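Undergrad: Here it is: the structure, laid out below.
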4 protein chains.
Amino acid sequence: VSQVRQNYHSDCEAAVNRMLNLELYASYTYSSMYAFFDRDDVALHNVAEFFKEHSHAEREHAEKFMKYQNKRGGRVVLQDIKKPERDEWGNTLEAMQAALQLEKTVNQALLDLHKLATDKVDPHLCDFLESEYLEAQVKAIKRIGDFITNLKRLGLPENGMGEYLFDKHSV
Amino acid sequence: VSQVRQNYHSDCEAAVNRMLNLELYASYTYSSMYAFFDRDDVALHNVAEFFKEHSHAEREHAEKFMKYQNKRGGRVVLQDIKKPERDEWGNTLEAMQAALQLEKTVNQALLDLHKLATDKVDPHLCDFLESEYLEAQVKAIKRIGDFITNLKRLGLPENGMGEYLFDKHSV
Amino acid sequence: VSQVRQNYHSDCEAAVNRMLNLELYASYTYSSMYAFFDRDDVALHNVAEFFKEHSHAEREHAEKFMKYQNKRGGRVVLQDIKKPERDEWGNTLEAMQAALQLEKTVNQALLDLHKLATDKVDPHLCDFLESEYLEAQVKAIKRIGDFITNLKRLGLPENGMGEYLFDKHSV
Amino acid sequence: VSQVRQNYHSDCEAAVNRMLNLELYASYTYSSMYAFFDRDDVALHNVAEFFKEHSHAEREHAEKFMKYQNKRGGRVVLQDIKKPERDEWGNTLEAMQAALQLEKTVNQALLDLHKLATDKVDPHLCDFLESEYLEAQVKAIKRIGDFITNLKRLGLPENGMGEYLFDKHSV
Ligand SMILES: [Cl-]
Ligand SMILES: [Cl-]
Ligand SMILES: [Cl-]
Ligand SMILES: [Cl-]
Ligand SMILES: [Cl-]
Ligand SMILES: [Cl-]
Ligand SMILES: [Cl-]
Ligand SMILES: [Cl-]
Ligand SMILES: [Cl-]
Ligand SMILES: [Cl-]
Ligand SMILES: [Cl-]
Ligand SMILES: [Cl-]
Ligand SMILES: [Cl-]
Ligand SMILES: [Cl-]
Ligand SMILES: [Cl-]
Ligand SMILES: [Cl-]
Ligand SMILES: [Cl-]
Ligand SMILES: [Cl-]
Ligand SMILES: [Cl-]
Ligand SMILES: [Cl-]
Ligand SMILES: [Cl-]
Ligand SMILES: [Cl-]
Ligand SMILES: [Cl-]
Ligand SMILES: [Cl-]
Ligand SMILES: [Cl-]
Ligand SMILES: [Cl-]
Ligand SMILES: [Cl-]
Ligand SMILES: [Cl-]
Ligand SMILES: [Cl-]
Ligand SMILES: [Cl-]
Ligand SMILES: [Cl-]
Ligand SMILES: [Cl-]
Ligand SMILES: [Cl-]
Ligand SMILES: [Cl-]
Ligand SMILES: [Cl-]
Ligand SMILES: [Cl-]
Ligand SMILES: [Cl-]
Ligand SMILES: [Cl-]
Ligand SMILES: [Cl-]
Ligand SMILES: [Cl-]
Ligand SMILES: [Cl-]
Ligand SMILES: [Cl-]
Ligand SMILES: [Cl-]
Ligand SMILES: [Cl-]
Ligand SMILES: [Cl-]
Ligand SMILES: [Cl-]
Ligand SMILES: [Cl-]
Ligand SMILES: [Cl-]
Ligand SMILES: [Cl-]
Ligand SMILES: [Cl-]
Ligand SMILES: [Cl-]
Ligand SMILES: [Cl-]
Ligand SMILES: [Cl-]
Ligand SMILES: [Cl-]
Ligand SMILES: [Cl-]
Ligand SMILES: [Cl-]
Ligand SMILES: [Cl-]
Ligand SMILES: [Cl-]
Ligand SMILES: [Cl-]
Ligand SMILES: [Cl-]
Ligand SMILES: [Cl-]
Ligand SMILES: [Cl-]
Ligand SMILES: [Cl-]
Ligand SMILES: [Cl-]
Ligand SMILES: [Cl-]
Ligand SMILES: [Fe+2]
Ligand SMILES: [Fe+2]
Ligand SMILES: [Fe+2]
Ligand SMILES: [Fe+2]
Ligand SMILES: [Fe+2]
Ligand SMILES: [Fe+2]
Ligand SMILES: [Fe+2]
Ligand SMILES: [Fe+2]
Ligand SMILES: [Fe+2]
Ligand SMILES: [Fe+2]
Ligand SMILES: [Fe+2]
Ligand SMILES: [Fe+2]
Ligand SMILES: [Fe+2]
Ligand SMILES: [Fe+2]
Ligand SMILES: [Fe+2]
Ligand SMILES: [Fe+2]
Ligand SMILES: [Fe+2]
Ligand SMILES: [Mg+2]
Ligand SMILES: [Mg+2]
Ligand SMILES: [Mg+2]
Ligand SMILES: [Mg+2]
Ligand SMILES: [Mg+2]
Ligand SMILES: [Mg+2]
Ligand SMILES: [Mg+2]
Ligand SMILES: [Mg+2]
Ligand SMILES: [Mg+2]
Ligand SMILES: [Mg+2]
Ligand SMILES: [Mg+2]
Ligand SMILES: [Mg+2]
Ligand SMILES: [Mg+2]
Ligand SMILES: [Mg+2]
Ligand SMILES: [Mg+2]
Ligand SMILES: [Mg+2]
Ligand SMILES: [Mg+2]
Ligand SMILES: [Mg+2]
Ligand SMILES: [Mg+2]
Ligand SMILES: [Mg+2]
Ligand SMILES: [Mg+2]
Ligand SMILES: [Mg+2]
């Protein structure tokens, strides 16, 4: 047993490792979206940069779980970071729809971890999730939803002028 | 009788109370429009902010009537602030049309109060309305009218691209 | 269903709408207290300003619930803002006693909403209440209680000199 | 006829001369109150200074009528400035009560002049009164009324401690 460990259930330790894999997976998916929108035959550079920044944010989310694990006396266990679901992302609307789904998948995992922490009576882990993850997730989901609404209003996927306008005025 | 009261008719005192209720009602209607345009399935944030700011301005208009009432020795009497006419506002054009009508309703009430003040030979109340309310109202009506003209030019309600453009360049 | 909605129970959505009505009601009550203390036959301007500021704070509390509702994918539904319980507030002690009761009523509603959020397993809503509302409420209640103690010490309601002193040194 | 004169009735010209005498009379009354509160056996120096400043303001009101008369092509005609009604002013409450009455007398004269200007269809004179005199008068009356309320609360005339407190915290 780690000398620092106190009130930290094995199940929570394992679930933190799984959560940080998922954050890394989200990072990698956003990296793929960046690369897609930077293609010469896609060429929506503000959209690309949005996804690049979000890739970096997800990596920070993962690193914060690594630090957390060690603070509690758990042990970081890494697994493969699976490649993203798609190799190409269609257009801004399709990518934003995939991003919304990804953020809701990550949110569900965070909520499930909070429920586990609640079941194991771990207020420190509950606070960490509430203070560092859950509100950021709600904000991200709202932002992407707002973007999807605007992309639909702009006539995506068919309206290329609308797609151009979005890249130049929303991001 | 209040020790400060001079040349202040009971009818004017009552009409000032009614006017400040109407200013509060206008504030509340603009708050509703703010909340509508901030919905994830509406997502026109500059439009939302326009209405939020106008909600705050109307509250200031009400507070100025409260202060006025006390300066003249009248007594502020509050009534319920009725909820807005609609729970949802359609789109930017529909909301701006409702805002125009609301501003003209408020203007008519201000003009009616000026006529009452004139009938009761109350130059202080006439000056207050002329100096603090009537020109602001004309300016607000002109601004909203100009917006409606532009929204129609942009093809509202059908043209979603036009609605997007308005939010990004007019507000 | 809103595209952003996740883990947000209908009951919580409705209770958030009710809570923001109550915040608006509290704002309106404080506006009435402001107007009372600004009367020429009351004339306690620092007390009046205390209540005016608190009216503005309550409006901010309401607006934050509107934003919250939209972030979660709920829909803001407004109701009439009822006029305050009284048209005149007696004196500083009576008004502060009414303010204490109002703050405890608002606090109870916040606590009840937290219990609902707990029952529906909504940690985001719990965190929002804990981080943005519950401590502010405890602080406000303590401040008003401290004022009441001092007003009683100063001989309110009978001791007009004590009432004057409070306005000049406590607020 | 003055080369500049246009739409300026003889009756209005005469009433402007009477009004500026009354402003000078008000100035002189406030000078007397200053001197009273500066007596070694009265010795309320902040009260004295309040009245001295108000004496200066009334002189400015008179001078503005002189300038007005000449701008319109009327001719300033001066009369004696009558000495104040009293040689001694009792105490702060008695003096403030006399000041309230004086301000309401001046206000009535301004309102009567506005009615004359209205009857003679002189919008320039109406505007001058509304823009330069009537609101200042309402403000002054409200301020003095608020002071009287506080002096009564403080137990004037009998409560010397209350009178001291007023001088040290209200003025
Ligand atoms: Cl442990
Ligand atoms: Cl424990
Ligand atoms: Cl364990
Ligand atoms: Cl593991
Ligand atoms: Cl894993
Ligand atoms: Cl942290
Ligand atoms: Cl694996
Ligand atoms: Cl693919
Ligand atoms: Cl997903
Ligand atoms: Cl879990
Ligand atoms: Cl939970
Ligand atoms: Cl967070
Ligand atoms: Cl957006
Ligand atoms: Cl289209
Ligand atoms: Cl198209
Ligand atoms: Cl957008
Ligand atoms: Cl009257
Ligand atoms: Cl009159
Ligand atoms: Cl009347
Ligand atoms: Cl009324
Ligand atoms: Cl009303
Ligand atoms: Cl004003
Ligand atoms: Cl009603
Ligand atoms: Cl509706
Ligand atoms: Cl209307
Ligand atoms: Cl009216
Ligand atoms: Cl009129
Ligand atoms: Cl104006
Ligand atoms: Cl325009
Ligand atoms: Cl069109
Ligand atoms: Cl169209
Ligand atoms: Cl425009
Ligand atoms: Cl849900
Ligand atoms: Cl859940
Ligand atoms: Cl539900
Ligand atoms: Cl509801
Ligand atoms: Cl309600
Ligand atoms: Cl917040
Ligand atoms: Cl209701
Ligand atoms: Cl009452
Ligand atoms: Cl209550
Ligand atoms: Cl509840
Ligand atoms: Cl609870
Ligand atoms: Cl708080
Ligand atoms: Cl205290
Ligand atoms: Cl006592
Ligand atoms: Cl007493
Ligand atoms: Cl205190
Ligand atoms: Cl002439
Ligand atoms: Cl003419
Ligand atoms: Cl003539
Ligand atoms: Cl003359
Ligand atoms: Cl004279
Ligand atoms: Cl001038
Ligand atoms: Cl004479
Ligand atoms: Cl005398
Ligand atoms: Cl007099
Ligand atoms: Cl006259
Ligand atoms: Cl008149
Ligand atoms: Cl003025
Ligand atoms: Cl005062
Ligand atoms: Cl006393
Ligand atoms: Cl006494
Ligand atoms: Cl003191
Ligand atoms: Cl005072
Ligand atoms: Fe996983
Ligand atoms: Fe993340
Ligand atoms: Fe694979
Ligand atoms: Fe994310
Ligand atoms: Fe009304
Ligand atoms: Fe208004
Ligand atoms: Fe109704
Ligand atoms: Fe308005
Ligand atoms: Fe309620
Ligand atoms: Fe509140
Ligand atoms: Fe009622
Ligand atoms: Fe409160
Ligand atoms: Fe005279
Ligand atoms: Fe004057
Ligand atoms: Fe005489
Ligand atoms: Fe004066
Ligand atoms: Fe003091
Ligand atoms: Mg060891
Ligand atoms: Mg283990
Ligand atoms: Mg937080
Ligand atoms: Mg946004
Ligand atoms: Mg096309
Ligand atoms: Mg009285
Ligand atoms: Mg009446
Ligand atoms: Mg007329
Ligand atoms: Mg103006
Ligand atoms: Mg313009
Ligand atoms: Mg269309
Ligand atoms: Mg939808
Ligand atoms: Mg529902
Ligand atoms: Mg629990
Ligand atoms: Mg806190
Ligand atoms: Mg304290
Ligand atoms: Mg007493
Ligand atoms: Mg000549
Ligand atoms: Mg003549
Ligand atoms: Mg003015
Ligand atoms: Mg004042
Ligand atoms: Mg005595």
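Here Swiss-Prot sets the residue numbers for chain A, with the shown residues being 2-172 in order.
Method on record in the header is X-ray crystallography, 1.2 Å.
Every residue, even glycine, has its Cβ placed from backbone N, Cα and C.
Pasting the relevant annotations from Swiss-Prot:
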- A:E24, A:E59, A:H62: Fe cation 1 binding site (BINDING)
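How buried are the listed features, and what sits near them?
TA: In this view, A:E59 (Fe cation 1 binding site) is surrounded by 24 other Cβ atoms within 10 Å of its Cβ, with every protein chain counted.
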Undergrad: Count the Cβ atoms, other than its own, that fall within 10 Å of the Cβ of A:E24 (Fe cation 1 binding site), considering every protein chain shown.
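TA: The answer is 24 other Cβ atoms.
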Undergrad: So for A:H62 (Fe cation 1 binding site), how many other CB atoms are inside 10 Å of its CB?
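TA: There are 22 of them.
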Undergrad: Measure from each Cβ of the binding-site residues A:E24, A:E59, A:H62 to the atoms of ligand 65 and list the residues where some distance is under 6 Å.
TA: none
Undergrad: Translate the DSSP assignment of A:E24 (Fe cation 1 binding site) into the three-state scheme.
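TA: Once the DSSP labels are grouped into three classes, A:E24 (Fe cation 1 binding site) ends up as helix.
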Undergrad: For the recorded Fe cation 1 site, whose residues are A:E24, A:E59, A:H62, find every other residue on that chain with a C-beta no more than 8 angstroms from the centre of their C-beta atoms, and list them by sequence position.
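TA: The surrounding set, listed in chain order, is A:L21, A:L23, A:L25, A:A27, A:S28, A:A58, A:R60, A:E61, A:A63, A:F66, A:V107.
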